[PDB]
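Trainee:
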Amino acid sequence: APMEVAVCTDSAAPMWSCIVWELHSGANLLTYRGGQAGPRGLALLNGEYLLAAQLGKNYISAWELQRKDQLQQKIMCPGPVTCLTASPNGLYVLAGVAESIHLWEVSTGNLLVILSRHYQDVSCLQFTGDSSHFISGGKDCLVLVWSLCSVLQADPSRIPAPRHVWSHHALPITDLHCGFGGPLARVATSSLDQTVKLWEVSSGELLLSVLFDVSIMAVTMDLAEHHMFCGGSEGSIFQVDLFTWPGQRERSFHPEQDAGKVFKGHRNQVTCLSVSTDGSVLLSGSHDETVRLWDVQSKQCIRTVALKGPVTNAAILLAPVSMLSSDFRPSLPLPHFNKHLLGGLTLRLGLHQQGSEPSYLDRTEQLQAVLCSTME
Amino acid sequence: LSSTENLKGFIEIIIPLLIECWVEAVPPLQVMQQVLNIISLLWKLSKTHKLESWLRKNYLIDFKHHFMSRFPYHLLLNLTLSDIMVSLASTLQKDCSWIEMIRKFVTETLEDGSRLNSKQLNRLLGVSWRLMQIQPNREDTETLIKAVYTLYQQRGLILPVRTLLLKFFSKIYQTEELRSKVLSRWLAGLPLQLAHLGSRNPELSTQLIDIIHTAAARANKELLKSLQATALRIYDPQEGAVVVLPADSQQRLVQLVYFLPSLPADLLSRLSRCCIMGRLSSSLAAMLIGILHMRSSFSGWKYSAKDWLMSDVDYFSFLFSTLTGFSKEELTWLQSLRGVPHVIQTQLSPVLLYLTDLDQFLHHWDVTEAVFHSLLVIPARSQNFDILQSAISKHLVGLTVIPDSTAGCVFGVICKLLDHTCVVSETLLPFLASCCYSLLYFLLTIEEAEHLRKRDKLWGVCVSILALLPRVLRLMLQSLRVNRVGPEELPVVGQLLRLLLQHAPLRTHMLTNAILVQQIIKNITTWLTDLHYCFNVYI
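Keeping their order, the protein sequence lines are chains B and H. Residues 3 to 344, 355 to 388 in the deposited numbering are what the first sequence spells out, letter by letter. Residues 311 to 337, 352 to 371, 376 to 401, 430 to 444, 447 to 536, 544 to 812, 815 to 893, 903 to 915 in the deposited numbering are what the second sequence spells out, letter by letter.
#1: How many angstroms separate the CA atom of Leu-146 of chain B from the CA atom of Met-223 of chain B?
#2: Which residue or residues does DSSP assign as beta-bridge partners of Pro-768 of chain H?
#3: Can you give me the Cβ contacts of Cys-85 of chain B inside the same chain, cut-off strictly under 8 Å, excluding the 5 residues immediately before and after it?
#4: Pick out whichever of B:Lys-263, B:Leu-209, B:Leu-46, B:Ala-261 has its Cα sitting closest to the Cα of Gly-249 of chain B.
#5: So the alpha helix (DSSP H) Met-441 of chain H belongs to, where does it begin and stop?
#6: Taking only beta-carbon positions, decide if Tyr-507 of chain H is within less than 8 Å of chain B.
#7: Would the beta-carbon of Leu-113 of chain B fall within 8 Å of that of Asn-340 of chain B?
#8: If the cut is a Cβ gap below 8 Å, which residues of chain B does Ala-745 of chain H touch?
#9: Pairs of beta-carbons, one from the region 170–182 of chain B and one from the region 216–234 of chain B, closer than 8 Å: are there three or more?
#10: In whole angstroms, give me the CA-to-CA distance for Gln-710 of chain H and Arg-746 of chain H.
#11: Going by beta carbon distance, what residues of the same chain come within less than 6 Å of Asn-890 of chain H, once the five residues before and after it are set aside?
#12: For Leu-295 of chain B and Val-307 of chain B, I'd like the C-alpha separation in whole angstroms.
#13: Answer yes or no: does any C-beta atom of chain H fall closer than 8 Å to that of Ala-172 of chain B?
#14: Determine the direct distance from the alpha carbon of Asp-12 of chain B to that of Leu-275 of chain B, and round the result to whole angstroms.
#15: With which residues is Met-230 of chain B paired in a DSSP beta bridge?
#16: Going by DSSP in three states, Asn-386 of chain H sits in which element: helix, strand or coil?
#17: Using only the alpha-carbon positions, how far apart do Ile-362 of chain H and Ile-321 of chain H sit?
#18: Determine, using beta carbons only, whether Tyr-61 of chain B comes closer than 8 Å to chain H.
#19: For a contact defined as C-beta to C-beta under 7 Å, what are the partners of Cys-143 of chain B on chain H?
#20: Find the residues of chain H that neighbour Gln-122 of chain B, judging by a C-beta separation of less than 7 Å, and give them in chain order.
#21: Does the region 872–887 of chain H come close enough to the region 829–840 of chain H to have 3 or more Cβ pairs within less than 8 Å?
#22: With distances taken from CA atoms, which of B:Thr-376, B:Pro-80, B:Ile-137, B:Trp-65 is nearest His-342 of chain B?
#23: Quickly, what does DSSP pair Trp-168 of chain B with across the bridge? List them, please.
#24: Check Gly-655 of chain H in the structure and name its three-state DSSP category.
#25: Which same chain residues, not among the five before or five after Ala-582 of chain H, have their C-beta less than 6 Å away from its C-beta?
#26: Rounded to a whole number of angstroms, what is the C-alpha to C-alpha distance between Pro-626 of chain H and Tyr-401 of chain H?
#27: Taking all protein chains shown into account, do 16 or more other C-beta atoms lie within 10 angstroms of the C-beta of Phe-182 of chain B, making it buried, or fewer, making it exposed?
#28: Thinking C-beta only, is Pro-602 of chain H closer than 8 Å to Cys-639 of chain H?
#29: Could you tell me whether the Cβ of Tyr-623 of chain H comes closer than 8 Å to any Cβ of chain B?
#30: Rounding to the nearest angstrom, what Cα-Cα distance links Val-788 of chain H and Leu-753 of chain H in this structure?
#31: Does the Cβ of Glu-66 of chain B have 16 or more other Cβ atoms within 10 Å, making it buried, or fewer, making it exposed?
#32: Based on DSSP bridge pairs, tell me the residues matched to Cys-85 of chain B.
#33: Going along the chain, which residues of the region 616–642 of chain H sit with their C-beta nearer than 8 Å to a C-beta in chain B?
#34: Select from the region 207–227 of chain B all residues with a C-beta closer than 9 Å to any C-beta belonging to chain H, and list them in chain order.
#35: Pull up the distance between the alpha-carbon of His-268 of chain B and that of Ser-238 of chain B, whole angstroms please.
#36: Hey, is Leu-44 of chain B's beta-carbon within less than 8 Å of any beta-carbon in chain H?
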C-alpha cells in the first residue's frame, strides 16, 4: 500500500516551520527549522529539495528533504517574492516577484526569461500537470495562460505574450487548480467576487460560473473532476457536484442545494484545500490556527490538528522514496541560482534505459546459439 | 451575385469599365462620386483573404493614381475614396505616401467636424480606427487621438455622436491589455461625468462604471486621483451614484471600493450611512462589509501605506456606527419627541423603547450578521470588547430612548463576544438592566398586526443575554419595586415573573435570589393564582 503525507506550515513558526505528519496516524515524519513560510510559497523540487519563500522578505530558502537545518543557498530576487512553484518534472523553478514572473532552470542554474504583463502583484502560480503550460494570476483580476514552449525559445527581442488572457473577474484572484493533462486540461480560477469559474486550457472558453455567498479563497478539484471544493471567507467549505450538472452555465449555490453539501466547523477563512488520491479525505487549512481532515463522503470531521498562528500552506502528497528512506543523499546539488538575466547542461547520463536489461530467456538463447555455432 | 463566383465573375467585368468612366468624368458633379459609391458597395458585399489580396495585387496600379479624386475640391466625396483606399496587412513601408496624406485628410476632417451627420461620421471613425490599426506606431497615432479628443471636447455635441465616440474610445482602451498622455487625460474626466449623471442615462452610466472599473484594475494613476477626489460625491446616502441607480450598476460601484486608494473618516462615515438605511439592499450590504474587511488592517496582508488606511480607530468607529446604525441628527430628533402611541413607556425602567417598522428592523437584523462575523475574527478579544464598552458608555448609556433594533443588536454583540477573559464594567450594568426590562415589557404587551413577527428573535436575544450574565438579572429583579408602579402594570409584572419562572435555562442564576421573588409576590397582593403555585417548577 502507498503512503500519504500532509505537509503543513504555520505563519508564526515558534519552533518548527514545515511539519510533515502521516495522514491516517497523525504521527510526525519530518520537521524543518528556519524562517517563516509564505502564502502559496512552498514547492518540492524534483522530490529532493523543499524550497520555500519568505514572509515579507525577498529571498527563497532551500531545505534538503532529509535535513532539519537550512542550507546555505538562498535564491535572491530584486523585490518581494509573492508566490513560488516548481515544475512537476523538476526541470524548471518558477517564482513571482512583484509583477514579474522570473523563470529559472534547475539544470544549469540560469535565469532564462523575466516575463512581465500583469499590471499589479502576482498572487497565484500553478503548473499544468504535464509541465507544458503554467497559469499565472494576480491582484489585477487577470488570469493568463502562458506556454512553456513559446516563452523559452523566444527571441530576446520578441517580448513573449500569453496564449490566453482570461479577464472575467472583477476582484483579485486567490487560488487556481490546473488538473492533469496538458493541452486538454481545465483550470478552476477563483476570485474575491464570490465566484468560482472553470475554464478550458485548449480553446480558452468559460464553462461554469458558480456564484457563492461569501468570497472564495481556495479551490481544489478531484483528480477525475467530480467535485469542486470551494472554500469560503467565513469558514464553510462549499462543495459543487460537476457530474449531476443541472444543465446551465451560470449557476447559483442556494438553488444548487445546501446544508447537505457544505462542510462546517471552521471559524475563519480557509486559505488551503487539497483532496487525497482516492478522494475520500480532504485536508483544509485556515486562519483560525487549525488544520483538520474531512470525510467528503459523509461531511464529517476526523481530526483537528492545531498549529500556531494562521496556516499558510497545506497539501496532501504521495510520499516519495525520499521521506521513507533515512539517508537519500540527493542525486545532484542545487546550482547557483542567478539573479541577472543570463550550452552547458549538467545532467547524469544513462537514465533513458533504466531497466532495459536482457531477460533470462534472452541470455539463455544467446548462449545456446553460441554453443550451436561453436559446435558446427 | 449570391454565389461567391457570381460576385467574383462580376468583379472583373464592371470595375475596368468604371475606370473608363473615371477618365471620362474629368480629363456635372455626381459622375465620379456614384462610381465611388458602387465600388464600396461591392467591397462591402465581399465581407476572403485570397480574393482581397487578388483585388489588391490586380488593381493597385489603377487605384494608386487613376482612382485619385480632388481632395480640396459635403466631404463624402473624399470620405468614400479614403474608406476604399484604406480598405485595400504589412505593406505600410511601400504605401506610406498615401497613408500619410490620407491621415492628413482624416485629421483635417476630424478637426473641423461639427455639422457632420451620424452615418458618415461613423464611417470616418471606422476609417480612423483602421488607419491606426494598420499603423501600430504610437507617434503616428498620437495626433489622431488628439484630434478625436478635441472632437470629443467640442462645445456641445448630440447624444448619438457622444455615445459613438465613447464606444470607439472604450474600443481604444479595452485593448491596451492586448499610457498615452492624451488618452489618459480623457480618462480622468470620467468620474466627474459619472457623478454628474445621476439617473438621466443609466446605460451611459453603466458604460462609464465598466470603463472606470477596467482602468482602475490597472492602477492608472491619472484616474485613481480623480476617483479619490470625487469619492465623497459619488458615494452619498441621500443622493448620489450608489442608491439612485438600478440594482445592477450598484454592484460594480460597491465592488469598486476595493480599488479605492484611501478611505478617510469622512468617506467611511458617509459609506456606513449608505449601508445602514434601507436605500441599499441587504444582499449588497454583506459585500460592502466583506470588502471593507479585506481592505482592513486585520485581513492578513501588508501593502502600501496610503492604502490599507483602516487605521484601527476609524474601522472601529465604522463598525460601531453600523452596529447601532442611526444618525446623530435623527436620533436626537427621536429623543426630542415624547408621547406617541408608538413608544413603550415604563415607570420602573428609566429607558423607553421607540418602535420601528418591520422592514427597517428586518434590514437592521440582516445587516448585523456581517458585523458580528467581522468583529468575531478580531484577535485579542479583550481589547475590542473594551473598545465596544467605551463606545457604548459614550454614545448609548446617556440616551433616554433607544430603538427596538439597537436594543437587540447590542445585546447580540455582547452575548456573542463574551468569553472567559471578558469583564463587564460597573457603570454599564444599570443601562443593560433597564433596557432588558423594557424589552421584556414590550414582548409581553403586543396588542398591531405588524409588530408580532419581531417577537421570537427578541425573546431569544433577551433569554440569551439574561442567561449569560447573572448580574443584569439581579439588577432587574432588585429594580422591581411595586409601590410606585400603579395597578395598570400590576398584571404585566406577574406575567413576566411567570414566564421567567417557566423557562429552564434561567433557573440556576434565578434560585440564588429567591427572597426577592416572594417579596414582590406579597406586595402584588397588597392570573395571580398561577404565579403562587409556579415557584416550585418540576420538583
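For every residue, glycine included, the Cβ atom is placed at its ideal position computed from N, Cα and C.
Mentor: Straight from the coordinates:
#1: Within the first sequence, residue 146 of chain B is the residue found at index 144, counting from 1. Within the first sequence, residue 223 of chain B is the residue found at index 221, counting from 1. Cα-Cα distance, rounded: 20 Å.
#2: For the purposes of this step, residue 768 of chain H is taken as residue 403 along the second sequence, with counting starting at 1. According to DSSP, which records beta bridges pairwise, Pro-768 of chain H is partnered with H:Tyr-719.
#3: Within the first sequence, numbered from 1, the residue matching residue 85 of chain B stands at position 83. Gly-40, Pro-41, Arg-42, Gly-43, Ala-55, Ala-97, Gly-98, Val-124, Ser-125, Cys-126, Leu-127, listed in sequence order.
#4: Position 247 of the first sequence, counted from the start, is the residue given in the question as residue 249 of chain B. Closest by alpha carbon: B:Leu-209.
#5: Counting from one through the second sequence, the residue named residue 441 of chain H turns up at place 85. Taken as a continuous stretch (DSSP letters only), the alpha helix (DSSP H) holding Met-441 of chain H covers 432–443.
#6: Start at 1 with the first residue of the second sequence, and residue 507 of chain H comes out as number 149. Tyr-507 of chain H does not count as touching chain B.
#7: Counting from one through the first sequence, the residue named residue 113 of chain B turns up at place 111. Counting from one through the first sequence, the residue named residue 340 of chain B turns up at place 338. Yes, these two residues count as a Cβ contact at 8 Å.
#8: As a working note, residue 745 of chain H is residue 380 in the second sequence. By Cβ distance, chain B contributes nothing, its closest Cβ being about 14 Å from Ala-745 of chain H, past 8 Å.
#9: yes
#10: Residue 710 of chain H sits at position 345 when you count from the first residue of the second sequence. Residue 746 of chain H sits at position 381 when you count from the first residue of the second sequence. In a straight line, the C-alpha of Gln-710 of chain H is about 36 Å away from that of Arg-746 of chain H.
#11: As a working mapping, residue 890 of chain H is identified with position 523 in the second sequence. Hits under 6 Å: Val-849.
#12: As a working note, residue 295 of chain B is residue 293 in the first sequence. As a working note, residue 307 of chain B is residue 305 in the first sequence. Looking at the two C-alpha atoms, the distance is approximately 8 Å.
#13: In the first sequence, the residue the question calls residue 172 of chain B occupies position 170. Cβ-Cβ to chain H under 8 Å: yes for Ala-172 of chain B.
#14: Along the first sequence, read from residue 1 onward, the residue named residue 275 of chain B stands at position 273. Along the first sequence, read from residue 1 onward, the residue named residue 12 of chain B stands at position 10. Cα-Cα distance, rounded: 15 Å.
#15: The residue labelled residue 230 of chain B in the question sits at position 228 within the first sequence. In the DSSP output, where bridge partners are listed per residue, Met-230 of chain B has B:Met-223, B:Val-242.
#16: One-based indexing of the second sequence puts residue 386 of chain H at position 58. Reduced to three states, the DSSP call for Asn-386 of chain H is helix.
#17: For the purposes of this step, residue 362 of chain H is taken as the residue at position 38 of the second sequence. For the purposes of this step, residue 321 of chain H is taken as the residue at position 11 of the second sequence. Each residue's alpha carbon lies about 11 Å from the other.
#18: Counting from 1 along the first sequence, the entry for residue 61 of chain B is found at position 59. Answer no: the Cβ-Cβ gap between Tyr-61 of chain B and chain H never drops below 8 Å.
#19: The residue labelled residue 143 of chain B in the question sits at position 141 within the first sequence. The contacting residues are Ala-582.
#20: Stepping through the first sequence from its first residue, residue 122 of chain B is reached at position 120. Here the neighbours are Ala-584.
#21: yes
#22: Your numbering for residue 342 of chain B matches position 340 in the first sequence. Comparing Cα-Cα distances from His-342 of chain B to each of B:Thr-376, B:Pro-80, B:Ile-137, B:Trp-65, the minimum goes to B:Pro-80.
#23: Here residue 168 of chain B refers to the residue found at position 166 when the first sequence is read from its first residue. Answer by DSSP bridge pairing, in chain order: B:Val-145.
#24: For the purposes of this step, residue 655 of chain H is taken as the residue at position 290 of the second sequence. Helix, per DSSP.
#25: Here residue 582 of chain H corresponds to residue number 217 of the second sequence, with the count starting at 1. Nothing listed; no residue qualifies.
#26: Taking the second sequence and counting its residues from 1, the one referred to as residue 626 of chain H is at position 261. Taking the second sequence and counting its residues from 1, the one referred to as residue 401 of chain H is at position 73. Cα to Cα, the separation comes out at about 55 Å.
#27: One-based indexing of the first sequence puts residue 182 of chain B at position 180. Exposed, because fewer than 16 other Cβ atoms sit within 10 Å of the Cβ of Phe-182 of chain B.
#28: Position 274 of the second sequence, counted from the first residue, corresponds to residue 639 of chain H. Position 237 of the second sequence, counted from the first residue, corresponds to residue 602 of chain H. Against a cut-off of 8 Å, the Cβ pair of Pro-602 of chain H and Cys-639 of chain H comes out as a contact.
#29: On the second sequence, residue 623 of chain H is found 258 positions in, with the first residue counted as 1. By this cut-off, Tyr-623 of chain H is an interface position.
#30: As a working mapping, residue 788 of chain H is identified with position 423 in the second sequence. As a working mapping, residue 753 of chain H is identified with position 388 in the second sequence. So the two alpha carbons sit approximately 12 Å from each other.
#31: Against the first sequence, residue 66 of chain B aligns to sequence position 64. By the 10 Å Cβ count, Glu-66 of chain B comes out buried.
#32: To locate residue 85 of chain B, count along the first sequence from 1; it is residue 83. According to DSSP, which records beta bridges pairwise, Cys-85 of chain B is partnered with B:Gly-98.
#33: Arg-617, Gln-620, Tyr-623
#34: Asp-215, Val-216, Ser-217
#35: Numbered from 1 along the first sequence, position 266 holds the residue referred to as residue 268 of chain B. Numbered from 1 along the first sequence, position 236 holds the residue referred to as residue 238 of chain B. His-268 of chain B and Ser-238 of chain B: Cα-Cα distance of roughly 6 Å.
#36: What you label residue 44 of chain B is simply residue 42 of the first sequence in a count that begins at 1. No, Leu-44 of chain B does not count as interfacial toward chain H.
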